[PDB]
Amino acid sequence: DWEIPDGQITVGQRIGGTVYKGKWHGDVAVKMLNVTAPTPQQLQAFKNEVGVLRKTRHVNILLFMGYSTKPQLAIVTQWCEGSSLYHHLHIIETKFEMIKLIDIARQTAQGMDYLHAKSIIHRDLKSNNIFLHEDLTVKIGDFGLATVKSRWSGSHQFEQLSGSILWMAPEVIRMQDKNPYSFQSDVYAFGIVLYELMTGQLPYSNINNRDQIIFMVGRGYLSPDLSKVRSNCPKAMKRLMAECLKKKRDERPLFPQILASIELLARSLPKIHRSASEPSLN
Amino acid sequence: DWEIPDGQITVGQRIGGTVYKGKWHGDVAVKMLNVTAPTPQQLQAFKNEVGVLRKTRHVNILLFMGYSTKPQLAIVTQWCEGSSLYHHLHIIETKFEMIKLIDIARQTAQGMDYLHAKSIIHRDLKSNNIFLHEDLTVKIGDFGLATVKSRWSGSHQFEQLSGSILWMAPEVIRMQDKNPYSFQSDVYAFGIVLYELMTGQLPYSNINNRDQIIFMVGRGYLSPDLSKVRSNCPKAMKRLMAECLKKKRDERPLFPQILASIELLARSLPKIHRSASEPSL
Amino acid sequence: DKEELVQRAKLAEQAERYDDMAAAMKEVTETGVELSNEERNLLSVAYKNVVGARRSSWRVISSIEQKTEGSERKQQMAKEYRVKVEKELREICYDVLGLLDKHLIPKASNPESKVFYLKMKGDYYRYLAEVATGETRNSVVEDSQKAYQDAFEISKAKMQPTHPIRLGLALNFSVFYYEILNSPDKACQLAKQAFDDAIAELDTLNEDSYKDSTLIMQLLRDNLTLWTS
Amino acid sequence: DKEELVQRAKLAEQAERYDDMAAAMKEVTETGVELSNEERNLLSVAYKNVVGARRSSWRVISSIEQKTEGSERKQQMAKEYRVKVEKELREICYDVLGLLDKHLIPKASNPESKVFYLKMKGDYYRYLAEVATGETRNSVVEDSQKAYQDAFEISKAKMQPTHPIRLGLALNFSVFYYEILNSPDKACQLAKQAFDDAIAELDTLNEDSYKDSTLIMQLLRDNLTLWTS
Amino acid sequence: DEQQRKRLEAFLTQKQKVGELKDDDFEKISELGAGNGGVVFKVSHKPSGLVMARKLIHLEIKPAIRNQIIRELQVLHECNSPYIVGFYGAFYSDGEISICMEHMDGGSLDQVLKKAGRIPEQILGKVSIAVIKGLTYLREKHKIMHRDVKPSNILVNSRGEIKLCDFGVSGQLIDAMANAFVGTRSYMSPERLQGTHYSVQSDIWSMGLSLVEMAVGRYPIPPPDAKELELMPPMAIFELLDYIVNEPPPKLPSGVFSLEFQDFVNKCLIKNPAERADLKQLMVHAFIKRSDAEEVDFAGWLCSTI
Amino acid sequence: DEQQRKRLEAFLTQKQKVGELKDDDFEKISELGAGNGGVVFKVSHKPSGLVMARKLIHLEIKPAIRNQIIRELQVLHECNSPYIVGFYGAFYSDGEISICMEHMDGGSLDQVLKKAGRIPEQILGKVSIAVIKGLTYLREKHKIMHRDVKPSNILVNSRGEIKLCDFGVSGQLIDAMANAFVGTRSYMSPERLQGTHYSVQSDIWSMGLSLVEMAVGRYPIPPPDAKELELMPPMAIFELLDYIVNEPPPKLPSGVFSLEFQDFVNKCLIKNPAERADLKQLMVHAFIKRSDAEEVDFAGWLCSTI
Ligand SMILES: Nc1ncnc2c1ncn2[C@@H]1O[C@H](COP(=O)(O)OP(=O)(O)OP(O)(O)=S)[C@@H](O)[C@H]1O
Ligand SMILES: Nc1ncnc2c1ncn2[C@@H]1O[C@H](COP(=O)(O)OP(=O)(O)OP(O)(O)=S)[C@@H](O)[C@H]1O
Ligand SMILES: O=C(NOCCO)c1ccc2cncn2c1Nc1ccc(I)cc1F
Ligand SMILES: O=C(NOCCO)c1ccc2cncn2c1Nc1ccc(I)cc1F
Ligand SMILES: [Mg+2]
Ligand SMILES: [Mg+2]
């Protein structure tokens with residue numbers, strides 16, 4: 001059992017439910033439900049999020065460590081040193097080499113492959129929820145919208161659409177099915193991540209009308225302008241990005257095979273600057 | 001559930017049950033029971049080891065990833081790049097700065113504190129089972145002897161003593177109780193680890209008689225020569241080492257008190273590279 | 001022309017060639033015209049780099065020669081290496097002081113600039129005194145003492161408690177007290193005082209040097225915790 | 001005495017100074033006595049690491065000359081600097097070949113070592129060709145070709161398909177085919193043949209050279225994946 | 001007019017009474033209301049003693065653009081009108097741009113419409129004037145359109161003032177707000193939804209839709225069924241937007257409202273912006289002539305409904 | 001004597017017929033047995049055709065010391081005696097020092113004692129001679145003591161040869177083996193257990209204890225109870241060692257053995273090494289004079305018991 005007896009956790013600073021840097025057997029991240037009277041809906045949210053994390057043990061999933069109930073509802077996870085992919089790409093504009101960008105793609109795919117393999121749909125994959133831990137290891141986090149695929153079609157019921165629009169698949173936006181989420185919707189989000197990785201910018205930078213983007217993407221009018229990929233982007237990546245971004249969700253493959261395609265554009269993808277001469281004896 | 005369906009794992013090289021470097025959603029470590037007919041004793045061994053790992057999620061415990069039954073019995077864990085503490089200290093004689101050595105102590109203690117807090121006694125803690133992952137993070141591994149403390153004294157029964165002698169507490173060696181293991185026996189092992197860290201050598205280097213060491217340590221005649229600590233070793237560490245090594249097990253500190261001390265040892269020492277002059281822009 | 005010299009020095013700085021970049025700047029200062037803010041940093045950094053290199057070269061060499069604890073050619077002709085790199089070390093610092101007391105300390109266009117050059121003078125002379133054990137040290141120790149006191153007066157007068165230069169002077173003068181004179185009580189007092197007056201105007205941290213100010217601040221705290229421990 | 005010289009050169013190699021080291025090793029070879037296996041790798045490291053440091057300067061200066069694309073003294077200065085460092089580059093390699101073809105090539109006992117010295121001089125000739133463009137280029141290229149046509153024969157005769165030296169000769173000769181002569185078919189075919197051969201005796205890998213063997217192996221694979229693109 | 005002049009004078013004097021603005025300067029009194037991307041607090045600015053509304057908008061943004069947002073908000077210091085909520089200052093702390101503004105103790109017409117059920121055509125007349133004058137003010141004296149007109153953005157007070165708020169003054173803030181969470185409804189004009197057109201003509205539509213919402217006391221978009229109109233799971237936002245774009249505009253019920261009012265909202269809600277009445281045309285509209293001339297204890301109606 | 005000479009001749013012949021040794025050179029025939037840190041395989045050395053015993057001892061060791069172990073084992077090339085198992089060569093591969101030695105198809109007296117239950121005093125006489133001569137050989141011609149004498153380390157063959165094995169020739173290998181796993185019993189002399197003394201006198205004790213084990217067919221440590229001796233959970237090793245150190249030595253049962261035999265083992269098992277018979281004294285012992293002079297189809301007894 002993963003319930004942390006009250007008192008042990010030592011909440012500190014704030015970052016962005018709500019997330020604090022705390023203390024419990026070292027630096028940890030503490031995500032709290034600030035309020036005092038947890039509605040049974042916020043309760044099932046918590047129960048569900050914990051339920052999903054419990055099933056994850058993989059180096060590219062951010063490490064769930066335990067949960068607390070008594071003070072406030074909270075989820076404890078490993079602390080990360082270093083920034084989100086969002087922060088690298090759009091804030092400090094880190095000048096990653098293309099081999100690194102490909103590798104970030106690769107690892108992100110690795111974590112997603114692992115989740116889908118246990119039937120977890122993340123539902124909120126995006127730059128911000130991808131952390132470059134120690135600048136070397138991609139950890140996918142924030143499982144606040146994560147869910148496990150039910151074998152039965154009538155368990156679903158009604159959930160108010162939430163999430164960041166730039167990563168939402170057209171079918172999700174449209175919200176016409178009982179359940180428009182699928183492994184494929186996660187792929188689309190990862191598609192937008194490829195976009196940020198291969199271009200350096202978010203999609204639709206000329207449009208600042210929020211409702212317009214929701215409407216035009218859901219309708220099919222609007223889709224990312226793939227011409228904005230930087231010139232050092234391997235052709236295989238551009239293709240792979242366009243494939244993850246297909247409007248017809250089924251036009252998408254599984255992430256195990258997606259990484260297989262990411263392994264395709266990798267062995268001959270790079271060998272660094274120039275080459276290397278006779279290796280001096282140590 | 002953590003059973004990995006057969007076929008997915010791709011065993012490769014060998015390292016040292018038996019351990020291979022394999023493949024399953026990236027590089028992993030695969031520990032196998034080579035043989036073909038698993039005795040019900042080897043079976044309960046496996047069941048128990050998996051049982052313990054399942055309860056661990058902490059950055060200083062080596063990451064259990066899942067287990068396989070069908071091909072052979074096997075435990076899958078994260079792969080580590082980089083060497084064991086044993087290898088750094090006695091093979092490539094890595095010249096760690098004292099602040100680093102203290103930090104390795106600190107992290108090792110952190111992982112042990114976490115295990116004891118969930119009532120797991122490791123029972124085979126030693127240099128080899130402490131990995132400096134990416135040279136920066138201590139991961140404690142090999143839970144082949146790990147066990148969970150039973151509330152009831154009669155569940156124990158008979159287990160043939162096994163383990164590396166240099167890290168075995170006198171009470172464990174003597175093997176007089178039904179259960180001579182305790183959190184304190186783990187501390188003693190960690191005590192020997194402090195010894196390797198603060199001295200650079202294993203204990204009893206003048207003695208090469210295996211049975212003699214077992215006999216002299218169990219009897220009280222033999223104990224580590226603390227004079228061999230290197231001169232840059234903070235006095236607080238030497239004391240802390242001697243305390244973890246006390247013969248009377250109850251006289252040994254536990255890991256919070258160990259982490260309570262260790263943290264202050266770092267604050268009670270100028271661990272800042274070497275000096276601090278003008279930082280050129 | 002000056003611009004060919006500064007482009008040559010900047011180009012050699014891009015090629016990770018310390019001495020190369022460090023020349024052109026001596027040819028700049030030999031003209032005897034007053035520098036800007038920009039033209040000072042490049043030359044300063046080059047000089048600092050050369051100093052550090054020579055320092056390590058002798059220090060590491062000297063330590064290895066004194067870590068053989070025998071009596072042979074190892075610490076004989078092989079150790080003559082220490083006097084070689086020490087003489088090299090001596091030649092660099094003498095070139096610096098000759099370039100300093102003949103074109104720059106004579107006329108000052110900025111008083112903060114005067115604090116800068118006096119800080120450099122205390123840095124060079126104190127290092128030379130530490131390097132030479134014998135009759136030579138008494139002189140350069142007092143010379144650095146006068147230089148740092150002269151800089152400390154103008155720092156206490158007309159500088160900010162959060163400026164990079166006053167912080168750097170406090171840092172170098174504290175490590176001077178700890179290493180050369182071995183009075184860690186006054187170094188502890190000095191660094192604690194400089195760190196506490198550094199806290200006062202924490203709000204007054206413009207984009208020009210927050211990073212430098214807090215960087216010298218945490219370096220000062222690290223030196224203090226080393227020396228008080 | 002020789003041992004004082006080799007201890008002096010080894011000590012200077014530990015101090016990351018590659019001028020006193022090269023002078024000490026030239027003073028070793030000037031005696032005209034045959035080296036060991038150990039004393040040779042030091043000589044190659046000295047005249048190799050320094051050559052690499054000289055090259056990096058040439059590469060970055062030439063890139064800063066092809067990125068400017070104007071007509072001024074900035075690139076005037078670049079040329080005045082490029083021909084300077086190129087002449088310096090020329091002086092080092094001529095000192096190497098003069099120290100090589102007068103005491104070591106003829107005066108050698110190990111055939112592996114004889115093949116090695118041919119790898120070293122040939123690699124130096126290839127490096128000289130990879131920069132001098134004009135009439136003087138032809139002779140250097142011819143010397144490199146002669147070195148390749150003599151070390152490769154002895155490698156195919158009396159070496160292992162898993163030895164470090166034959167692998168290094170294959171590596172340097174392949175990058176010679178790719179960069180100097182620009183026939184990537186032949187060099188690429190040679191690399192494929194090396195991959196087919198170096199694989200054969202993978203079992204025959206003793207502790208003396210596993211790191212070198214696999215290091216040249218992965219370097220060969222990286223060059224292959226670059227060239228097949 | 002004299003009353004409005006006195007109000008402006010008081011605002012300016014209080015502005016001179018205060019100086020710089022920053023997070024420590026404030027004490028929280030109460031939470032006036034919140035939403036997907038912003039929160040509003042009734043606060044007491046400690047140095048000056050002033051009670052003001054403090055709006056926090058969460059944004060993760062580069063220092064260079066946060067400073068550009070502040071600098072662009074400083075234009076509000078000059079925005080002085082009785083149809084425009086007053087501005088005290090702006091700053092960035094922690095993770096949030098703060099806008100400090102004239103506290104309106106009556107709240108937003110959104111809050112009011114909840115307690116009042118439906119707003120009387122005669123009050124809506126005053127509101128319609130207030131909106132037009134304010135949109136005119138913004139347009140002419142500050143070169144900007146509102147962008148976001150709707151009941152929650154018209155604020156009213158004890159002195160009977162109706163002011164506009166949350167308009168698009170900082171262009172950078174507009175840009176930074178585009179990365180946003182999904183709303184639950186919309187007042188956006190169809191031509192904007194289609195990227196076909198962009199002008200004040202679009203703010204006119206939103207006023208139109210607002211009015212219908214405030215008149216009927218429900219939503220102007222997705223107008224009720226035959227039964228539902230007798231009394232007097234929510235449609236997803238994409239469906240709302242698709243409606244606005246592809247369906248006829250909403251309209252007022254037949255009998256309950258004057259023909260002048262029905263005609264007024266109608267010329268505000270014409271799908272094609274070209275054919276849609278403009279501010280000049282609306283100003284001289286039958287409904288506006290009437291309402292202007294009417295005298296209504298607006299301030300009285302307001303306090304009586306709270 | 002002539003037979004042993006011919007055997008040594010054949011050994012040297014096969015030695016010269018071979019050369020270097022390495023892991024590829026071998027084909028596994030069968031597993032002859034395993035211990036605490038080592039494994040032994042009957043193998044066929046492919047180049048020479050020779051069948052030999054290959055012992056692998058797992059060690060994680062520096063190249064400099066592995067090479068020192070090999071180099072020190074090369075001294076066995078000269079160790080030529082009919083009381084000493086023959087040596088073909090040594091090497092290191094993967095993670096394991098290999099010692100290649102004279103295959104003894106009779107096995108260890110440990111293996112034999114299992115099938116034979118008890119070994120007849122008359123055979124043990126031959127064994128006692130073999131051990132003494134071998135310990136003498138090692139001592140005088142190679143300056144070394146065995147260190148590890150016990151039933152599993154005396155090997156016997158079809159030709160009736162009794163040879164010693166696993167003795168301490170490489171000093172470095174001794175050192176490298178000290179980091180070891182715990183045994184289940186012990187034949188170590190008490191004076192060694194106490195670090196009080198270290199000589200051949202200690203190998204004599206172990207021979208003594210071995211003999212008692214081989215005679216009675218059980219374990220020398222902890223003797224046997226009154227009932228158990230009529231027929232004819234294991235004591236933990238620390239307890240065994242504590243016994244050896246603090247209790248009287250074991251001894252042979254009263255009637256079943258000759259007084260000469262009982263006296264012989266007794267002088268081997270005296271706690272104080274000083275008072276303990278040495279090789280010279282043991283060699284002229286009543287039990288040895290008798291047994292030497294006796295003629296026993298040892299080779300015959302051996303094959304008949306297998
Ligand atoms: N200056 C103010 N004076 C008085 N009340 C205010 C002020 N600003 C906001 N409020 C209250 O706070 C609530 C939030 O409304 P706004 O601040 O306009 O945000 P909003 O209109 O909800 O925008 P969205 O859709 O949530 S991003 C309203 O119900 C107002 O009553
Ligand atoms: N040359 C050999 N020929 C045939 N069998 C051998 C040979 N060498 C060893 N064996 C057998 O291999 C097993 C181990 O014997 P040893 O090598 O002497 O080690 P040990 O006596 O078991 O001591 P421990 O328990 O490992 S400390 C025994 O069963 C031997 O009979
Ligand atoms: O406030 C805004 N949107 O609502 C937040 C969502 O809850 C808002 C939106 C856009 C904008 C462009 N320039 C300022 N802008 C705003 N602010 C604002 C404007 C005028 C006043 I007077 C007071 C204010 F706070
Ligand atoms: O073999 C050994 N111990 O047993 C392993 C545990 O299973 C052993 C132990 C110590 C030793 C020192 N020098 C050689 N040493 C050994 N080897 C050995 C010696 C002589 C012969 I002839 C054949 C051999 F293999
Ligand atoms: Mg608003
Ligand atoms: Mg043995």
# chains A, B, ... in the order shown; residues from 1 in each chain; ligands from 1

call {"tool": "residues_near_ligand", "arguments": {"ligand": "ligand 2", "cutoff": "6 Å", "atoms": "only C-alpha atoms and all ligand atoms", "output": "count of residues only"}}
result
19

call {"tool": "residues_around", "arguments": {"residues": "residue 79 of chain A", "least_positions_apart": "6", "cutoff": "10 Å", "atoms": "only C-alpha atoms", "output": "PyMOL selection string"}}
result
(chain A and resi 21-23+26-30+62-63+133) or (chain B and resi 59)

call {"tool": "write_last_selection", "arguments": {"atoms": "N, CA, C and O atoms", "output": "mmCIF file, in the first residue's frame"}}
result
data_model
loop_
_atom_site.group_PDB
_atom_site.id
_atom_site.type_symbol
_atom_site.label_atom_id
_atom_site.label_comp_id
_atom_site.auth_asym_id
_atom_site.auth_seq_id
_atom_site.Cartn_x
_atom_site.Cartn_y
_atom_site.Cartn_z
ATOM 1 N N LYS A 21 6.857 21.885 -4.191
ATOM 2 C CA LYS A 21 8.076 21.127 -3.933
ATOM 3 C C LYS A 21 8.110 20.825 -2.455
ATOM 4 O O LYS A 21 8.044 21.731 -1.640
ATOM 5 N N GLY A 22 8.204 19.549 -2.107
ATOM 6 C CA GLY A 22 8.125 19.138 -0.722
ATOM 7 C C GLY A 22 9.286 18.277 -0.296
ATOM 8 O O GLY A 22 10.356 18.293 -0.906
ATOM 9 N N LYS A 23 9.060 17.524 0.775
ATOM 10 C CA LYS A 23 10.089 16.703 1.381
ATOM 11 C C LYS A 23 9.454 15.441 1.924
ATOM 12 O O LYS A 23 8.528 15.498 2.737
ATOM 13 N N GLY A 26 13.695 12.738 0.922
ATOM 14 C CA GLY A 26 14.380 13.465 -0.133
ATOM 15 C C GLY A 26 13.434 14.441 -0.805
ATOM 16 O O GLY A 26 12.271 14.552 -0.424
ATOM 17 N N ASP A 27 13.935 15.154 -1.804
ATOM 18 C CA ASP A 27 13.093 16.045 -2.585
ATOM 19 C C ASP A 27 12.012 15.242 -3.307
ATOM 20 O O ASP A 27 12.293 14.220 -3.931
ATOM 21 N N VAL A 28 10.766 15.691 -3.192
ATOM 22 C CA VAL A 28 9.668 15.120 -3.951
ATOM 23 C C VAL A 28 8.816 16.227 -4.533
ATOM 24 O O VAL A 28 8.966 17.388 -4.171
ATOM 25 N N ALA A 29 7.933 15.856 -5.453
ATOM 26 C CA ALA A 29 6.913 16.761 -5.962
ATOM 27 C C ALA A 29 5.561 16.403 -5.336
ATOM 28 O O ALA A 29 5.154 15.240 -5.336
ATOM 29 N N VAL A 30 4.878 17.397 -4.780
ATOM 30 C CA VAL A 30 3.575 17.170 -4.148
ATOM 31 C C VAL A 30 2.442 17.894 -4.885
ATOM 32 O O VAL A 30 2.454 19.115 -5.000
ATOM 33 N N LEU A 62 7.199 9.457 -15.051
ATOM 34 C CA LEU A 62 7.591 10.156 -13.839
ATOM 35 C C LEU A 62 7.181 9.298 -12.654
ATOM 36 O O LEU A 62 6.064 8.777 -12.626
ATOM 37 N N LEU A 63 8.078 9.140 -11.686
ATOM 38 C CA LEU A 63 7.909 8.091 -10.685
ATOM 39 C C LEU A 63 6.898 8.407 -9.574
ATOM 40 O O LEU A 63 7.153 9.219 -8.680
ATOM 41 N N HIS A 133 14.651 15.277 -17.440
ATOM 42 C CA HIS A 133 15.205 15.093 -16.108
ATOM 43 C C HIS A 133 16.707 15.031 -16.224
ATOM 44 O O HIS A 133 17.217 14.312 -17.073
ATOM 45 N N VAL B 59 14.049 6.428 -5.823
ATOM 46 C CA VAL B 59 15.177 6.638 -6.727
ATOM 47 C C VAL B 59 16.479 5.911 -6.309
ATOM 48 O O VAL B 59 17.369 5.743 -7.131
#

call {"tool": "atom_distance", "arguments": {"atom1": "atom CA of residue 82 of chain A", "atom2": "atom CA of residue 94 of chain A"}}
result
12.3 Å

call {"tool": "residues_around", "arguments": {"residues": "segment 185-187 of chain D", "least_positions_apart": "4", "cutoff": "10 Å", "atoms": "only C-alpha atoms", "output": "number ranges by chain"}}
result
D: 170-171, 173-179, 181, 191-193, 224, 227-228

call {"tool": "select_by_dssp", "arguments": {"residues": "segment 81-227 of chain B", "states": "helix (DSSP H, G or I)", "output": "PyMOL selection string"}}
result
chain B and resi 85-90+98-117+127-129+165-167+170-174+183-199+210-219+226-227

call {"tool": "residues_around", "arguments": {"residues": "residue 108 of chain D", "least_positions_apart": "4", "cutoff": "8 Å", "atoms": "only C-alpha atoms", "output": "VMD selection string"}}
result
chain D and resid 34 to 35 104 113 to 114

call {"tool": "write_last_selection", "arguments": {"atoms": "N, CA and C atoms", "output": "mmCIF file, in the first residue's frame"}}
result
data_model
loop_
_atom_site.group_PDB
_atom_site.id
_atom_site.type_symbol
_atom_site.label_atom_id
_atom_site.label_comp_id
_atom_site.auth_asym_id
_atom_site.auth_seq_id
_atom_site.Cartn_x
_atom_site.Cartn_y
_atom_site.Cartn_z
ATOM 1 N N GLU D 34 66.599 2.458 -30.562
ATOM 2 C CA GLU D 34 65.293 1.939 -30.944
ATOM 3 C C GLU D 34 64.347 1.922 -29.750
ATOM 4 N N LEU D 35 63.115 2.374 -29.977
ATOM 5 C CA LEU D 35 62.126 2.520 -28.924
ATOM 6 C C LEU D 35 61.546 1.171 -28.523
ATOM 7 N N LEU D 104 63.684 5.823 -36.973
ATOM 8 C CA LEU D 104 62.704 4.842 -36.528
ATOM 9 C C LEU D 104 62.253 3.868 -37.608
ATOM 10 N N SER D 113 55.257 -2.842 -35.324
ATOM 11 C CA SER D 113 55.745 -1.461 -35.064
ATOM 12 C C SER D 113 56.140 -0.801 -36.390
ATOM 13 N N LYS D 114 56.753 -1.569 -37.297
ATOM 14 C CA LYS D 114 57.159 -1.028 -38.622
ATOM 15 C C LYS D 114 55.893 -0.596 -39.372
#

call {"tool": "closest_atom_pairs", "arguments": {"of": "chain C", "to": "chain D", "cutoff": "9 Å", "atoms": "only C-alpha atoms", "output": "Markdown table"}}
result
| residue | atom | partner | partner_atom | distance |
| --- | --- | --- | --- | --- |
| C:4 | CA | D:74 | CA | 7.5 |
| C:7 | CA | D:74 | CA | 7.3 |
| C:8 | CA | D:77 | CA | 7.6 |
| C:11 | CA | D:61 | CA | 8.2 |
| C:14 | CA | D:60 | CA | 8.4 |
| C:15 | CA | D:57 | CA | 6.0 |
| C:16 | CA | D:57 | CA | 8.3 |
| C:17 | CA | D:57 | CA | 8.5 |
| C:57 | CA | D:15 | CA | 6.9 |
| C:60 | CA | D:15 | CA | 7.9 |
| C:61 | CA | D:15 | CA | 7.4 |
| C:73 | CA | D:4 | CA | 7.3 |
| C:74 | CA | D:4 | CA | 8.0 |
| C:77 | CA | D:4 | CA | 8.7 |
| C:78 | CA | D:8 | CA | 5.9 |

call {"tool": "interface_residues", "arguments": {"of": "chain C", "to": "chain B", "cutoff": "10 Å", "atoms": "only C-alpha atoms", "output": "compact mmCIF listing (two decimals) with N, CA and C atoms, in the first residue's frame"}}
result
# COMPACT_ATOMS: atom_id res chain seq x y z
N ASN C 41 36.80 44.06 -20.38
CA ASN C 41 36.37 42.68 -20.03
C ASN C 41 37.16 41.65 -20.84
N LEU C 42 37.23 41.80 -22.17
CA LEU C 42 37.97 40.83 -23.02
C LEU C 42 39.40 40.65 -22.48
N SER C 44 40.72 41.59 -19.67
CA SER C 44 40.67 41.10 -18.27
C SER C 44 40.58 39.57 -18.26
N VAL C 45 39.57 39.02 -18.94
CA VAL C 45 39.32 37.55 -19.04
C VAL C 45 40.57 36.85 -19.57
N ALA C 46 41.15 37.35 -20.67
CA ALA C 46 42.36 36.71 -21.23
C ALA C 46 43.44 36.61 -20.15
N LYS C 48 43.19 36.78 -16.85
CA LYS C 48 42.73 35.84 -15.79
C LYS C 48 43.03 34.41 -16.23
N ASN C 49 42.60 34.04 -17.44
CA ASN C 49 42.81 32.67 -18.00
C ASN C 49 44.30 32.33 -17.94
N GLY C 52 45.45 31.76 -14.30
CA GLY C 52 44.96 30.45 -13.83
C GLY C 52 45.79 29.31 -14.39
N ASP C 123 45.00 41.21 -7.19
CA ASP C 123 44.94 39.81 -7.61
C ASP C 123 46.29 39.30 -8.07
N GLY C 168 33.32 41.28 -5.95
CA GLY C 168 34.53 40.60 -6.34
C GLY C 168 35.73 41.03 -5.51
N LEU C 169 35.78 42.31 -5.16
CA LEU C 169 36.85 42.80 -4.30
C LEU C 169 36.74 42.20 -2.91
N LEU C 171 35.41 39.32 -2.24
CA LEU C 171 35.73 37.90 -2.38
C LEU C 171 37.23 37.67 -2.44
N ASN C 172 37.91 38.41 -3.31
CA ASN C 172 39.35 38.25 -3.45
C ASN C 172 40.08 38.68 -2.19
N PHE C 173 39.57 39.70 -1.51
CA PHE C 173 40.24 40.17 -0.32
C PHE C 173 40.03 39.21 0.84
N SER C 174 38.87 38.55 0.87
CA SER C 174 38.64 37.54 1.90
C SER C 174 39.51 36.31 1.69
N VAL C 175 39.67 35.88 0.43
CA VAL C 175 40.50 34.70 0.22
C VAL C 175 41.97 35.08 0.39
N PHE C 176 42.30 36.36 0.20
CA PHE C 176 43.61 36.86 0.57
C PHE C 176 43.85 36.75 2.06
N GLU C 179 44.15 32.71 2.88
CA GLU C 179 45.23 31.89 2.34
C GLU C 179 46.60 32.50 2.59
N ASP C 212 25.63 37.80 -11.96
CA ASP C 212 26.94 38.06 -11.37
C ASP C 212 26.84 38.33 -9.88
N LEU C 215 25.99 35.30 -7.99
CA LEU C 215 27.03 34.29 -8.17
C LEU C 215 28.20 34.56 -7.24
N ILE C 216 28.64 35.82 -7.18
CA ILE C 216 29.67 36.20 -6.22
C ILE C 216 29.14 36.05 -4.80
N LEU C 219 29.33 32.39 -3.89
CA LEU C 219 30.75 32.05 -3.77
C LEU C 219 31.31 32.55 -2.46
N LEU C 220 30.90 33.75 -2.05
CA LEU C 220 31.31 34.32 -0.78
C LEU C 220 30.82 33.47 0.38
N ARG C 221 29.57 33.00 0.29
CA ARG C 221 29.04 32.14 1.34
C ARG C 221 29.78 30.82 1.40
N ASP C 222 30.17 30.28 0.25
CA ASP C 222 30.90 29.01 0.24
C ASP C 222 32.28 29.16 0.85
N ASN C 223 32.96 30.27 0.54
CA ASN C 223 34.27 30.52 1.15
C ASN C 223 34.15 30.72 2.65
N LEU C 224 33.07 31.39 3.08
CA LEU C 224 32.85 31.60 4.51
C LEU C 224 32.62 30.29 5.24
N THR C 225 31.77 29.43 4.69
CA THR C 225 31.51 28.14 5.34
C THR C 225 32.72 27.22 5.27
N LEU C 226 33.60 27.41 4.29
CA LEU C 226 34.85 26.66 4.35
C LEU C 226 35.74 27.18 5.46
N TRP C 227 35.81 28.49 5.65
CA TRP C 227 36.82 29.02 6.55
C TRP C 227 36.39 28.97 8.00
N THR C 228 35.08 29.07 8.24
CA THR C 228 34.52 29.04 9.62
C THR C 228 34.47 27.59 10.12
N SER C 229 34.24 26.64 9.21
CA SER C 229 34.16 25.20 9.57
C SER C 229 35.41 24.80 10.37

call {"tool": "residues_near_ligand", "arguments": {"ligand": "ligand 4", "cutoff": "6 Å", "atoms": "only C-alpha atoms and all ligand atoms", "output": "MDAnalysis selection string"}}
result
chainID F and resid 35:38 55 85:87 99 165:171 173:174
